[PDB]
Amino acid sequence: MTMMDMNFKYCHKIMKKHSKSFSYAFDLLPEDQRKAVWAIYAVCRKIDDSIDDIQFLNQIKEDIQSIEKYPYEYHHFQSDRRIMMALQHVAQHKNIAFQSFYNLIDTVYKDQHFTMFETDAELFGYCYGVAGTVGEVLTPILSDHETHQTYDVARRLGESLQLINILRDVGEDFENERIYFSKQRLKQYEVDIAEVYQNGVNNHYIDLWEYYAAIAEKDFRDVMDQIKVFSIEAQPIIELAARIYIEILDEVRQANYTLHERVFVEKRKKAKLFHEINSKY
Ligand SMILES: O=C(CC(=O)C(=O)O)NCCCc1cccc(Oc2ccccc2)c1
Ligand SMILES: CC(C)=CCC/C(C)=C\CC/C(C)=C/COP(=O)(O)O
Ligand SMILES: [Mg+2]
Ligand SMILES: [Mg+2]
């Protein structure tokens, strides 16, 4: 086991620890793409966790900026050396959309002074910023020949997974003084998240919730129709990852839209979906 290997194995460990669904799916890729995904994931994870002062976050961004500007020089990285070595290795072989990392970093900067979204257009803007961008970064890894269409589909997939995420974590997000539903939309459906958190679900909350779920689902289906932008090996894997994540919606409904648990897709269910998909291919 080389050192580079150790860097990637650490990235993997972070991905397994933090996302069971994406780890489950993406570990099925060929070795080289697998590892590229571990590293991009681990970077994005560290950015997302970095605030836990802007101190660390500035260092990550400077690291990323060193790699962009000097891909083949040795850097003394300021943040997480193992993750940054791995990302540099990836960049040496693959076209990385660095500005997409900076979009993500800017978005995380901004959650410091967080204020609720006035309109769905802001919320969807947020979904681009934290997920759409990541879809774009992953594009060269998951497709042979990259076009505006490939980035488009990847970005839409990312944004739809983010919305499914938001839909899982309503209650936990509330505890952490975040609400992601737009004020426009809360007013229209006459929902008050505080009230629902205390008094349990109702038919307003459920309608609002399902408004957003219907959007995520439609975007999901539009991605699937276009799965072919991706390399032949990645298609079944990206369909797995998406399907496993959208299943999260059925889990929320079955738990009656609870705001006091994180629902989950059982591992045995992940494998069921793998079967269904792996058989179509
Ligand atoms: O917001 C959450 C998560 C969350 O709220 C929760 O769990 O509550 N995530 C958005 C933060 C940015 C980010 C971080 C890490 C990995 C990411 O994407 C990849 C990358 C590669 C493969 C799959 C997915 C994106
Ligand atoms: C295959 C393709 C283009 C995917 C598109 C980009 C993508 C998958 C995801 C962004 C969604 C996120 C951040 C979900 C929650 O984070 P965890 O990973 O659970 O910590
Ligand atoms: Mg997650
Ligand atoms: Mg969340």
# chains A, B, ... in the order shown; residues from 1 in each chain; ligands from 1

$ residues_around --residues "residue A:144" --least-positions-apart "4" --cutoff "8 Å" --atoms "only C-alpha atoms" --output "count of residues only"
3

$ residues_around --residues "residue A:132" --least-positions-apart "4" --cutoff "12 Å" --atoms "only C-alpha atoms" --output "short mmCIF file (atom, residue, chain, number, x, y, z; two decimals) with N, CA and C atoms, in the first residue's frame"
data_model
loop_
_atom_site.label_atom_id
_atom_site.label_comp_id
_atom_site.auth_asym_id
_atom_site.auth_seq_id
_atom_site.Cartn_x
_atom_site.Cartn_y
_atom_site.Cartn_z
N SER A 100 -16.53 25.43 -9.38
CA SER A 100 -17.62 24.73 -8.70
C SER A 100 -17.32 24.46 -7.23
N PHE A 101 -16.06 24.19 -6.90
CA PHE A 101 -15.64 24.17 -5.50
C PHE A 101 -15.80 25.54 -4.84
N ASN A 103 -17.86 27.87 -5.66
CA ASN A 103 -19.29 28.12 -5.48
C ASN A 103 -19.78 27.50 -4.18
N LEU A 104 -19.31 26.29 -3.91
CA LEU A 104 -19.71 25.56 -2.71
C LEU A 104 -19.17 26.25 -1.47
N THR A 107 -21.11 29.44 -0.77
CA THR A 107 -22.40 29.10 -0.20
C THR A 107 -22.27 28.78 1.28
N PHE A 124 -33.82 27.06 -4.47
CA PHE A 124 -33.23 26.33 -5.59
C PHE A 124 -31.83 26.86 -5.91
N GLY A 125 -31.63 28.16 -5.72
CA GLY A 125 -30.29 28.74 -5.79
C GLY A 125 -29.35 28.14 -4.77
N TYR A 126 -29.86 27.94 -3.56
CA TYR A 126 -29.10 27.27 -2.52
C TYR A 126 -28.77 25.82 -2.91
N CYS A 127 -29.75 25.13 -3.48
CA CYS A 127 -29.53 23.76 -3.94
C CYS A 127 -28.45 23.66 -5.01
N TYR A 128 -28.41 24.61 -5.94
CA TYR A 128 -27.28 24.68 -6.85
C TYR A 128 -25.99 24.76 -6.04
N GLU A 136 -21.53 19.05 -10.90
CA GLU A 136 -20.68 19.55 -11.98
C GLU A 136 -19.23 19.07 -11.83
N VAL A 137 -18.71 19.13 -10.60
CA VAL A 137 -17.36 18.66 -10.32
C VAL A 137 -17.17 17.18 -10.70
N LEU A 138 -18.21 16.38 -10.48
CA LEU A 138 -18.15 14.93 -10.67
C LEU A 138 -18.30 14.53 -12.13
N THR A 139 -18.74 15.48 -12.95
CA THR A 139 -19.11 15.17 -14.33
C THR A 139 -17.99 14.50 -15.14
N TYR A 151 -23.11 18.15 -17.91
CA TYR A 151 -23.12 19.02 -16.73
C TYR A 151 -24.54 19.33 -16.28
N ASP A 152 -25.40 19.67 -17.24
CA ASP A 152 -26.80 19.94 -16.96
C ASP A 152 -27.46 18.83 -16.15
N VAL A 153 -27.42 17.61 -16.68
CA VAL A 153 -28.05 16.46 -16.04
C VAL A 153 -27.45 16.18 -14.65
N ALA A 154 -26.13 16.27 -14.56
CA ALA A 154 -25.43 16.03 -13.30
C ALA A 154 -25.84 17.07 -12.25
N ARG A 155 -25.96 18.32 -12.69
CA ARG A 155 -26.28 19.44 -11.82
C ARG A 155 -27.72 19.32 -11.32
N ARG A 156 -28.62 18.97 -12.22
CA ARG A 156 -30.02 18.75 -11.84
C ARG A 156 -30.15 17.58 -10.87
N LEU A 157 -29.40 16.51 -11.11
CA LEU A 157 -29.44 15.37 -10.19
C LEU A 157 -29.00 15.82 -8.80
N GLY A 158 -27.87 16.51 -8.73
CA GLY A 158 -27.35 17.02 -7.47
C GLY A 158 -28.36 17.85 -6.72
N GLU A 159 -29.06 18.73 -7.44
CA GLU A 159 -29.98 19.68 -6.81
C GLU A 159 -31.22 18.96 -6.28
N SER A 160 -31.62 17.91 -6.98
CA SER A 160 -32.76 17.10 -6.58
C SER A 160 -32.48 16.22 -5.35
N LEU A 161 -31.30 15.62 -5.30
CA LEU A 161 -30.81 14.98 -4.08
C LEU A 161 -30.73 15.93 -2.88
N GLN A 162 -30.27 17.15 -3.10
CA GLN A 162 -30.29 18.14 -2.03
C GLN A 162 -31.70 18.42 -1.51
N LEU A 163 -32.67 18.50 -2.42
CA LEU A 163 -34.05 18.73 -2.02
C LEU A 163 -34.64 17.55 -1.25
#

$ residues_near_ligand --ligand "ligand 3" --cutoff "12 Å" --atoms "only C-alpha atoms and all ligand atoms" --output "JSON, numbers by chain"
{"A": [15, 16, 17, 18, 19, 20, 21, 22, 23, 41, 45, 48, 131, 158, 161, 162, 163, 164, 165, 166, 167, 168, 169, 241, 244, 245, 248, 262, 263, 264, 265]}

$ write_last_selection --atoms "N, CA, C and O atoms" --output "short mmCIF file (atom, residue, chain, number, x, y, z; two decimals), in the first residue's frame"
data_model
loop_
_atom_site.label_atom_id
_atom_site.label_comp_id
_atom_site.auth_asym_id
_atom_site.auth_seq_id
_atom_site.Cartn_x
_atom_site.Cartn_y
_atom_site.Cartn_z
N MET A 15 -16.16 8.95 3.40
CA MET A 15 -17.38 8.75 2.63
C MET A 15 -18.27 7.64 3.20
O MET A 15 -19.48 7.83 3.36
N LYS A 16 -17.67 6.51 3.58
CA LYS A 16 -18.40 5.43 4.24
C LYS A 16 -19.05 5.90 5.54
O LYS A 16 -20.17 5.51 5.87
N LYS A 17 -18.28 6.64 6.34
CA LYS A 17 -18.77 7.14 7.62
C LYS A 17 -20.00 8.03 7.43
O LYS A 17 -21.01 7.87 8.13
N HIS A 18 -19.94 8.93 6.45
CA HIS A 18 -20.86 10.06 6.42
C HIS A 18 -22.05 9.90 5.47
O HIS A 18 -23.15 10.34 5.78
N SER A 19 -21.85 9.19 4.36
CA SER A 19 -22.96 8.87 3.45
C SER A 19 -23.02 7.39 3.06
O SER A 19 -22.41 6.98 2.07
N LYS A 20 -23.91 6.66 3.73
CA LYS A 20 -24.09 5.24 3.48
C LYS A 20 -24.68 4.94 2.09
O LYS A 20 -24.34 3.93 1.48
N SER A 21 -25.54 5.82 1.60
CA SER A 21 -26.19 5.61 0.31
C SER A 21 -25.22 5.82 -0.85
O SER A 21 -25.11 4.96 -1.73
N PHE A 22 -24.50 6.94 -0.83
CA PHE A 22 -23.56 7.25 -1.91
C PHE A 22 -22.33 6.36 -1.89
O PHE A 22 -21.82 5.97 -2.94
N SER A 23 -21.85 6.06 -0.69
CA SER A 23 -20.77 5.08 -0.53
C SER A 23 -21.18 3.73 -1.10
O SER A 23 -20.47 3.14 -1.92
N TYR A 41 -15.71 13.77 -2.78
CA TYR A 41 -16.58 13.69 -1.62
C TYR A 41 -15.92 14.23 -0.35
O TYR A 41 -16.54 14.99 0.41
N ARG A 45 -17.06 17.24 1.94
CA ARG A 45 -17.41 16.99 3.33
C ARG A 45 -16.67 17.94 4.27
O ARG A 45 -17.26 18.50 5.20
N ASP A 48 -18.07 21.38 4.08
CA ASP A 48 -19.38 21.45 4.72
C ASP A 48 -19.27 21.46 6.24
O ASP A 48 -20.14 22.01 6.92
N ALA A 131 -25.02 21.53 -3.93
CA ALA A 131 -25.17 20.21 -4.52
C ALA A 131 -25.01 20.23 -6.03
O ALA A 131 -24.34 19.37 -6.60
N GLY A 158 -27.87 16.51 -8.73
CA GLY A 158 -27.35 17.02 -7.47
C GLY A 158 -28.36 17.85 -6.72
O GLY A 158 -28.54 17.70 -5.51
N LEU A 161 -31.30 15.62 -5.30
CA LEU A 161 -30.81 14.98 -4.08
C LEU A 161 -30.73 15.93 -2.88
O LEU A 161 -31.07 15.55 -1.75
N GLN A 162 -30.27 17.15 -3.10
CA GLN A 162 -30.29 18.14 -2.03
C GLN A 162 -31.70 18.42 -1.51
O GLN A 162 -31.93 18.50 -0.31
N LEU A 163 -32.67 18.50 -2.42
CA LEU A 163 -34.05 18.73 -2.02
C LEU A 163 -34.64 17.55 -1.25
O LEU A 163 -35.35 17.74 -0.26
N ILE A 164 -34.33 16.33 -1.69
CA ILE A 164 -34.70 15.13 -0.94
C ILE A 164 -34.09 15.15 0.47
O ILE A 164 -34.77 14.90 1.47
N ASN A 165 -32.82 15.54 0.53
CA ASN A 165 -32.15 15.79 1.79
C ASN A 165 -32.91 16.74 2.72
O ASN A 165 -33.08 16.46 3.90
N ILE A 166 -33.18 17.94 2.22
CA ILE A 166 -33.94 18.95 2.95
C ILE A 166 -35.26 18.36 3.45
O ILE A 166 -35.72 18.68 4.54
N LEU A 167 -35.84 17.46 2.66
CA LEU A 167 -37.14 16.91 2.98
C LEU A 167 -37.06 15.85 4.07
O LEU A 167 -38.06 15.55 4.72
N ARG A 168 -35.88 15.27 4.25
CA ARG A 168 -35.65 14.25 5.27
C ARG A 168 -35.45 14.91 6.63
O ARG A 168 -35.84 14.37 7.65
N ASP A 169 -34.86 16.09 6.62
CA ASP A 169 -34.18 16.62 7.78
C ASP A 169 -34.92 17.83 8.32
O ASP A 169 -34.37 18.61 9.11
N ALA A 241 -27.56 5.17 -6.98
CA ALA A 241 -27.42 6.27 -6.02
C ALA A 241 -28.68 7.14 -5.96
O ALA A 241 -29.17 7.47 -4.88
N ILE A 244 -31.77 4.97 -4.59
CA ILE A 244 -31.61 4.76 -3.17
C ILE A 244 -31.96 6.03 -2.39
O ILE A 244 -32.52 5.96 -1.30
N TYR A 245 -31.67 7.19 -2.98
CA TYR A 245 -31.90 8.46 -2.30
C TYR A 245 -33.36 8.90 -2.38
O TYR A 245 -33.93 9.34 -1.39
N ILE A 248 -35.81 7.57 -0.06
CA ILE A 248 -35.91 8.29 1.20
C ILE A 248 -37.25 8.99 1.37
O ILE A 248 -37.70 9.22 2.50
N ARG A 262 -34.53 11.12 12.03
CA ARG A 262 -34.01 10.87 10.69
C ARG A 262 -34.41 9.48 10.18
O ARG A 262 -33.90 8.48 10.67
N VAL A 263 -35.26 9.43 9.17
CA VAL A 263 -35.58 8.17 8.51
C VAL A 263 -34.45 7.69 7.60
O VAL A 263 -33.51 8.44 7.33
N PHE A 264 -34.51 6.42 7.20
CA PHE A 264 -33.41 5.80 6.46
C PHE A 264 -33.88 4.65 5.58
O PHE A 264 -34.91 4.02 5.86
N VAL A 265 -33.14 4.39 4.53
CA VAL A 265 -33.33 3.24 3.69
C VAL A 265 -32.41 2.15 4.20
O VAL A 265 -31.23 2.26 4.18
#

$ closest_residue --among "A:77, A:114, A:274, A:102" --to "residue A:24" --atoms "only C-alpha atoms"
A:274

$ closest_residue --among "A:178, A:269, A:243, A:94" --to "ligand 2" --atoms "only C-alpha atoms and all ligand atoms"
A:243

$ atom_distance --atom1 "atom CA of residue A:130" --atom2 "atom 20 (C, counted along the ligand's line) of ligand 1"
10.0 Å

$ closest_residue --among "A:232, A:54, A:170, A:67" --to "ligand 1" --atoms "only C-alpha atoms and all ligand atoms"
A:170

$ residues_around --residues "stretch 196-200 of chain A" --least-positions-apart "5" --cutoff "9 Å" --atoms "only C-alpha atoms" --output "PDB file with N, CA and C atoms, in the first residue's frame"
ATOM      1  N   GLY A 171     -37.071  18.306  10.607  1.00  0.00           N
ATOM      2  CA  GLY A 171     -37.107  18.426  12.066  1.00  0.00           C
ATOM      3  C   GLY A 171     -35.742  18.724  12.662  1.00  0.00           C
ATOM      4  N   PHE A 174     -34.746  22.249  11.806  1.00  0.00           N
ATOM      5  CA  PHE A 174     -35.426  23.163  12.718  1.00  0.00           C
ATOM      6  C   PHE A 174     -34.687  23.303  14.056  1.00  0.00           C
ATOM      7  N   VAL A 191     -48.192  27.173   6.774  1.00  0.00           N
ATOM      8  CA  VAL A 191     -47.428  26.280   7.635  1.00  0.00           C
ATOM      9  C   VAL A 191     -46.498  27.075   8.553  1.00  0.00           C
ATOM     10  N   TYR A 205     -48.966  21.125   6.375  1.00  0.00           N
ATOM     11  CA  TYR A 205     -47.586  20.663   6.317  1.00  0.00           C
ATOM     12  C   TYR A 205     -47.400  19.601   5.238  1.00  0.00           C
ATOM     13  N   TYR A 257     -44.100  11.605   8.158  1.00  0.00           N
ATOM     14  CA  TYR A 257     -43.561  12.946   8.007  1.00  0.00           C
ATOM     15  C   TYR A 257     -42.976  13.434   9.320  1.00  0.00           C
ATOM     16  N   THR A 258     -42.526  12.499  10.152  1.00  0.00           N
ATOM     17  CA  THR A 258     -42.057  12.842  11.490  1.00  0.00           C
ATOM     18  C   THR A 258     -40.959  13.908  11.454  1.00  0.00           C
ATOM     19  N   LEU A 259     -40.988  14.809  12.433  1.00  0.00           N
ATOM     20  CA  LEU A 259     -39.953  15.827  12.585  1.00  0.00           C
ATOM     21  C   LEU A 259     -38.997  15.524  13.741  1.00  0.00           C
ATOM     22  N   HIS A 260     -39.064  14.306  14.268  1.00  0.00           N
ATOM     23  CA  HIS A 260     -38.268  13.951  15.440  1.00  0.00           C
ATOM     24  C   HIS A 260     -37.439  12.684  15.224  1.00  0.00           C
TER      25      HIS A 260
END

$ atom_distance --atom1 "atom CA of residue A:38" --atom2 "atom CA of residue A:281"
24.6 Å

$ atom_distance --atom1 "atom CA of residue A:149" --atom2 "atom CA of residue A:234"
16.0 Å
